[PDB]
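Chains as they are written, first to last, in full-length UniProt numbering: chain A, 4 to 241; chain B, 4 to 241; chain C, 4 to 241; chain D, 4 to 241; chain E, 8 to 209; chain F, 8 to 209; chain G, 8 to 209; chain H, 8 to 209.
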Amino acid sequence: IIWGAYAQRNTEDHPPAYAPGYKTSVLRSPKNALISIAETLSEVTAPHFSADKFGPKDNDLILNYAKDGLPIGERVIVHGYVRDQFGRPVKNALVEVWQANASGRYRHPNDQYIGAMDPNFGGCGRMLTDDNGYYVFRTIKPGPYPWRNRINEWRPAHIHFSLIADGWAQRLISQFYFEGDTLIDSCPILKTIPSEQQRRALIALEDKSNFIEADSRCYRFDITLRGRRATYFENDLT
Amino acid sequence: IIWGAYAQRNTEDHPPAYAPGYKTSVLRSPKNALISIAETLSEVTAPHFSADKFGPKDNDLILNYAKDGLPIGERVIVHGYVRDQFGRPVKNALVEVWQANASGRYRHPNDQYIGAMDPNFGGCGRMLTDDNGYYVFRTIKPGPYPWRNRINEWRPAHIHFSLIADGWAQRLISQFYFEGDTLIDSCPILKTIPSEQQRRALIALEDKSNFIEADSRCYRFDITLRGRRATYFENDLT
Amino acid sequence: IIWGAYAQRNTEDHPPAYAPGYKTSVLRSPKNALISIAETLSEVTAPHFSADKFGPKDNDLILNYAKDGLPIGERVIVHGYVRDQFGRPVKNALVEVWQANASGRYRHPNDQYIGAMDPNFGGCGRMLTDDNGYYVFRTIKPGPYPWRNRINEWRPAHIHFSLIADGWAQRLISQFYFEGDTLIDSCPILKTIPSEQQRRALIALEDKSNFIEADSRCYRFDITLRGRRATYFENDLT
Amino acid sequence: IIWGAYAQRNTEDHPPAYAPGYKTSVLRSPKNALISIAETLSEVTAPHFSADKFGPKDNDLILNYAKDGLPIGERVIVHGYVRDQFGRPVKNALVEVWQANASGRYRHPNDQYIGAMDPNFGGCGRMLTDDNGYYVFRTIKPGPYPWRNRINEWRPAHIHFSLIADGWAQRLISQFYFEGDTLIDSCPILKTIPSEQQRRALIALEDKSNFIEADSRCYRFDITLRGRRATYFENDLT
Amino acid sequence: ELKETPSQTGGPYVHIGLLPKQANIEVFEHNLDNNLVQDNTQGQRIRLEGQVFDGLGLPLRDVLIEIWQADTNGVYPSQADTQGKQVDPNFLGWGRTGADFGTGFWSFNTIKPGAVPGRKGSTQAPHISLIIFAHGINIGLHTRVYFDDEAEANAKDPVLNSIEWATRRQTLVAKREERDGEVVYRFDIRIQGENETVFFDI
Amino acid sequence: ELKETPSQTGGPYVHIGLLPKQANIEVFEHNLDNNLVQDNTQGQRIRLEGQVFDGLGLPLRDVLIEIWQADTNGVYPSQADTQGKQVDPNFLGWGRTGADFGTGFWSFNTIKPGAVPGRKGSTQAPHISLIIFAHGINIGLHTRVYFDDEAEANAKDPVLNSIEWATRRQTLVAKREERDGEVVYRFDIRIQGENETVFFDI
Amino acid sequence: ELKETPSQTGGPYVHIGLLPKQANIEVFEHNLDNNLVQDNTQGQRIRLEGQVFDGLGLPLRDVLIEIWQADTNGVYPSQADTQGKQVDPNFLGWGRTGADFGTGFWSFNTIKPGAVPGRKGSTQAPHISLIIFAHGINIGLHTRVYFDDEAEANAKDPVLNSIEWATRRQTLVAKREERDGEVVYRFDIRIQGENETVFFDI
Amino acid sequence: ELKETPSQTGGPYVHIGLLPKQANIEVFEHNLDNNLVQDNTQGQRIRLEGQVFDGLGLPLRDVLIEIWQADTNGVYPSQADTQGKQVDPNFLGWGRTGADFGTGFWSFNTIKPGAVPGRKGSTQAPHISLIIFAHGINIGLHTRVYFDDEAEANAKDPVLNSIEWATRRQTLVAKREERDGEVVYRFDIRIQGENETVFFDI
Ligand SMILES: O=[N+]([O-])c1ccc(O)c(O)c1
Ligand SMILES: O=[N+]([O-])c1ccc(O)c(O)c1
Ligand SMILES: O=[N+]([O-])c1ccc(O)c(O)c1
Ligand SMILES: O=[N+]([O-])c1ccc(O)c(O)c1
Ligand SMILES: [Fe+3]
Ligand SMILES: [Fe+3]
Ligand SMILES: [Fe+3]
Ligand SMILES: [Fe+3]
């Protein structure tokens, strides 16, 4: 199999750069259209991260910053599969996550929300997907929080995530939400995505058979990256 | 206006005593039918609690047990109206509430769930409704938690409540849930209630216009008690 | 009752500033997003106008400018209620109205439409709502008129109105239309409002039981302003 | 992969112990609720049966008891797959089956139905599923038969089956029926199962492309057992 | 018309909320409890105690119990009382208690209530109205406690006579005992089974 | 709950209705105007003036402007003011004006407001709240006018500090000038484009 | 995800299929039975026997019973056992039996199992896992058999301690008897009623 | 076929997750950073720095930037590189950095990449691929950095020549400077407005 380029990104499946209901985008969006280029080796390659460098608790946000006790909040496991658009698993991709604590407070200097800080929660983790594209991490469910867009704007609970995988063209940062959160219907950031089916693609689903008795609940969330096409005739990449 | 008896309780609008899917009810439910009696002064009277005895933070679960800091969790206000079945407000009724903390852990000796305890959260409050039947309290949204019915049983987030109002026949203890919680559909305790409309009567609704910017979210929850009938002919009560 | 801030204005329920089908808005709309602020005493206060200063015919557009005779046109009474978003009446609010005459001609220097001027019609009135939020005025139904947006643009019949009420944040100017006017479906100014339900909120309804025999027809039109939230915990306004 | 416990059995997907329309259950059902326990090595292990001990005709009910001739009745092959609830094949599980003959008569001392006995039919077989979870056996389609529940009760044609697989918690005995049998809609034993979808899970489907010309018909029937969860954090089993 | 809010069990922690003081939670200055006798309260002091048993005879150690009763003259300290008689001003008429976590015994210190009018000119025998909440109980169970030394009054009580099984009437009668000068009434409640206590829909 | 009535433009004739006197329509005896100073009004008299420009720099000659402000001691003549201080009894705190049809200049005669409490114990710098209506403007635009001679107070103003672009903060500061004894503050408003005035959602 | 196939009763002829040899059907060369002791099996030989009774006390003569247990050292002859210890190679750990059609007695010849680890470092008392199938039983009933001569171990067993009714814990303890040199454990099962045997959802 | 998961902004706290060390969160032993030069890395060392500006010219102090580039010989340290040439074994080719919270400056220490084959036998000029994430940016913005001292190579670069506006091509060229022996390339990014940097859909 000789690989060709990644399938073109479908711009209608993503938010546009300029989205007036998300006020900060008004001055941080290019006025010119993006220039589409044909891919080269620069766009189809990406770095490799070795598992050797990851610590044992890097995917365990409940314990990786615990000092005197356990963080306060709802214990949850999140797991799922990363695949490309043609359904192939994405192996050894680096998944990084960050989030607020149970109060909706981030452990960042600029976050001065009154929601209380948790001395035993850090809020960041990372993992590499396995050969089946599977990933699993444990955390405390984040709380929603207020932010200044309109004065009473509130984000639904969410976990931020980032993926570095096989090709630079696949580079993606997004956010997933929790099934049933009522703030999902009102969020101007989630509403930058044009279609309802794509908004639903960011909701992690309750996975009841995988709850761990007297311990933790579980959410299932799958991620799809751009996929490469195979070449059978002229290989113009190089 | 001369008052007669409270309207008969509609047993089809409540759970039955014996509900096999809630295992603890199997040995704690009478085998004999309840004996219905005609009401007397004993059933139509109830005690009076004076507002003078309530402390300033009795309805503020965020601060009434705070020692070194604020409790961890989602700040929420819950408010609503208590009325009788004929729509009249229920004035000066005593509303008591208790709940788990953000981890789903109760501050009770027998609760040994691994969800972490919060040193700044107590979990109990009380208030008297006003002349319009209105009540309001502030708290941290409780987390769901596991319990042993079937081994992997999980309660949806809920706040327990109790009402002592004008007549002993109105005495009621129940629980309300939060709009959108997916565990609501699976709870065997909530499923003891026969009809869907009555199950919905226990769900507190997100009240977005009443959120307090950069501070707290708000849920609206109304409660209906039995109502008294007026007498226009023979007054047999006595 | 201690009052807190007005509920945030729901920007999705109003037209946006930039609306290209209404050509004059293209150069009169800010390019930057509005900056939302938390309210202070400046935003929650407003002036008081005394009824003593209003003349007896200030709400009677049929007679307040009549010199030699009565104005020509359809005699109509318009009445209704002003309330806030939580349903409370808005008392002693100043309602000012202005409109074209039966020909669709305004008594303004810049209006040179061929529709004829009426020497006995002025076109402006004002009133204060009563303690129930009620207002009533009498006028001649205005005619539609042409304006230059696209060359053959026509406004449906409408009456312009303005409200100064309890808080500066409630300040509002808008326009109401008459049930059944077919130009309502084609107006680019009314179409700046995104949702159909909100477009309908500007249509005054025929009120047949309140017509006055051998005299005048009647339209019913209610207005909703932003409402203030009550404070039960910290009062941060000051 | 480190395995944790089997997913909790979903009691709503099975018949209850007490089912009054199946009269024999009235005195053979516990009055107390079952006590749920957390699993240990006792519940997750099970025995292993070696293929070496099975005879060549153990899965061929047409020939394994034939002495002077072939049994009378409809020649049918039944095949399918055994998988766990998460879709994984169940390998080397022991499947045992027993059934009545074509007359609806069992070769049991206590069966004195007038339906005739077949000297060349035994009615019992066994097999081990293969690595894909596949099993196949051949038999004579059983006839329905009368039994005493109400006096004119009739069982639809069925084949009894039992599975011993990887964990004791998976132990299951049930019965499957044949597509289109009209007695299926009236059977009080099949009606102990609460939901229609689960009743349908016991119907073997005609598999026409797999009929063997001038020889036998074929039914397809798949079986689902409880599945084990994988452990990624604390392994509390031991 | 509206439907009553549906009942749900109080659950196993019903005392965090209803008797915090006893779950070691000091959040309130004034706490409600099981002592209805104030220093100037009129009437004869009595102690009411017992245990609550499940269907297998095991006492419930997570139960919450409240009682509601009239003062010494049979007047309720409630605005809904229409007797036109003055009530004892130093009497709340209500109390709440939980069972001891080890033993399962519950108790109240109160006074023996006077007789209260029944319907249509009848007179009820002295009684205390009692309600039970606990994990497993979906709706609070209502019962009444009558006194074995009021046999004359009990025989004419309208509610007791409305129970057709005389063997069940006896489950509602507490037994008087005298522990070192104190008068004690023992009232055990059997939720299910043999000698199941009578419960009412009121 | 109800939705706020949707806003619509005031249109090009917004003064027939709001300033009839100036459209030559004498229908009212008492007319509202742009003079907030009565003879006994306390405080220092100031004149506020400017022009409103569209995206191409052309002044709007059909604009309607209103201002709302506190008296000389920072008290609003409104029942909603909760300072518990007495307000100047000869001060309405509000006025309305249109631009001159030829030049486009607008103005008000008022007084310099005193400082008003901000939220959580803060103090706001002196400011006047201003709103703009005109053909093409679908919803009234809210802004505030601060004074360049109150630099100390402005640096500590909560609302001004909440604007992260310091270059935009300056669009809200009027410049003090002294025309023949009178103090004048010049405040031009640019609705769109370079140096676009900051507008608020209040 | 898939739903487990629903259970159905084994019916009254459950031994045609599960114990053909005893229904006089010789279709298999190798037949499964109730003898778990092979000649080289390690451990002390014991006989387990009893009867199964319905709600009226009548023994079930159509019942099918299977047991699953560890070897003499507490190791299961199963690939799922993760103790890393070698199991007795001459031990299947499972057997099956039916009740005698006349008397209703059932029995197995096996060995006394050694103790098996419990969860989180605990140790379980020796026990045999047992399941019951019969006409009238819609889902196989799971229970466990503990031994009365292991009182010390039983008092620390996690599963037994998880049963809050001590009167019900005793239904799971078989009684040791010594019939002519042989050690016998008698374990009767009451499916319903007084002294109903504890059944588990595992 | 599946649709790509939709992008969402990284938000203002994108460094808690992507550069914890710099938000003062010590959760990882090995942290990713902006230094691509290891001690044995081949090539000429260069420093890349600049600022990112919004539409009003204010630098973004919450921005997260990553770069991806080839080694000194134009080979990518990636299994997808098909040149059949050995890559420098001491080069990751990727790094990440945030802007300084006060100044807004960002930087990387890396080496000048060698030229990489373009499509159909062409040769690309040396370049670094760069992506930007920040609050307000809904999808990461891709751009490339070319070097002003590679004018000959730049004139023949396929991607640069595919931009029809020559005035926009210049926004992609960093300027070489020599601060005390070190070679520095200054590359400022303007997200919107005049001299807006070219962004690509790759
Ligand atoms: O079994 N528990 O522990 C429970 C069950 C339900 C509850 O509402 C509760 O607070 C505790
Ligand atoms: O363009 N005009 O002349 C207009 C447009 C809309 C109006 O409502 C109006 O009164 C005048
Ligand atoms: O009552 N019987 O004889 C029965 C009832 C059901 C059966 O499945 C069966 O094989 C026999
Ligand atoms: O404005 N903020 O602070 C925000 C907005 C969105 C976010 O996802 C966030 O983490 C912070
Ligand atoms: Fe609870
Ligand atoms: Fe108009
Ligand atoms: Fe059968
Ligand atoms: Fe966030």
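Even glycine gets a Cβ: it sits at the ideal position worked out from N, Cα and C.
Proximity test, residue i beta-carbon vs ligand 5 heavy atom, cut-off 6 Å
i	result
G18/E	yes
For residue i: DSSP bridge partner residues
i	result
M120/C	Answer is none; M120/C lacks a bridge partner.
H149/G	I138/G, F207/G
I38/D	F207/G
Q178/A	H163/A
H22/G	Note: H22/G sits in no beta bridge, so no partner.
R186/F	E189/F
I5/B	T234/B
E73/H	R103/H, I138/H
Residue i Cβ short of 6 Å to ligand 2 heavy atom set
i	result
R158/C	yes
Distance cut-off 6 Å: residue i Cβ against heavy atoms of ligand 3
i	result
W150/D	yes
Own chain partners of residue i with C-beta closer than 6 Å, once the 5 adjacent residues on each side are dropped
i	result
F60/E	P66, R197
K182/H	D155, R193
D78/G	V94, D95, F98
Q173/B	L228, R229
7 Å CB neighbourhood of residue i in its chain, flanking five on each side removed
i	result
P147/A	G107, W157, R158, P159, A160, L186
8 Å Cβ shell around residue i - same chain, five flanking residues per side excluded
i	result
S28/B	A20, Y21, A22, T195
Query raised in the report: What residues in the segment 56-77 of chain E have a beta carbon less than 8 Å from any beta carbon of chain G?
Result: For the segment 56-77 of chain E, which is checked against every Cβ of chain G, the residues closer than 8 Å are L63, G64, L65.
Requested in this report: Below 9 Å between beta carbons is the criterion; list the residues of the segment 29-50 of chain D that meet it against any residue of chain B, in chain order.
Outcome: Along the segment 29-50 of chain D, the positions whose C-beta sits under 9 Å from a C-beta of chain B are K34, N35, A36, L37, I38, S39, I40, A41, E42, read in chain order.
Report task. Note down, in chain order, all residues in the segment 141-168 of chain A with a beta-carbon under 8 Å from any beta-carbon belonging to chain D. Result -> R141
**Report entry** Where the segment 175-205 of chain A meets chain B: residues whose CB sits under 9 Å from a CB there
**Finding:** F181, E182, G183, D184, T185, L186, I187, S189
Requested in this report: Can you give me, in chain order, the residues of the segment 18-35 of chain E that have a beta carbon less than 9 Å from any beta carbon in chain B?
Outcome: Within the segment 18-35 of chain E, the residues whose Cβ lies closer than 9 Å to some Cβ of chain B are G18, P19, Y20, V21, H22, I23, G24, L25, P27, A30, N31, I32, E33, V34, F35, listed in chain order.
Requested in this report: Please name the residues in the segment 220-240 of chain B whose beta-carbon is closer than 8 Å to at least one beta-carbon of chain E, in chain order.
Outcome: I226, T227, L228, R229, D239, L240
Query raised in the report: Any residues in the segment 161-181 of chain G with a beta carbon nearer than 9 Å to a beta carbon of chain E? Which ones, in chain order?
Result: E171, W172, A173, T174, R175
Query raised in the report: What are the residues of the segment 48-67 of chain B that lie near chain A, defined by any Cβ-Cβ distance shorter than 9 Å?
Result: Listed by position, the residues of the segment 48-67 of chain B near chain A (Cβ gap below 9 Å) amount to none.
Query - Short-range partners of chain B found in the segment 100-128 of chain C, where Cβ spacing is below 8 Å - result: none
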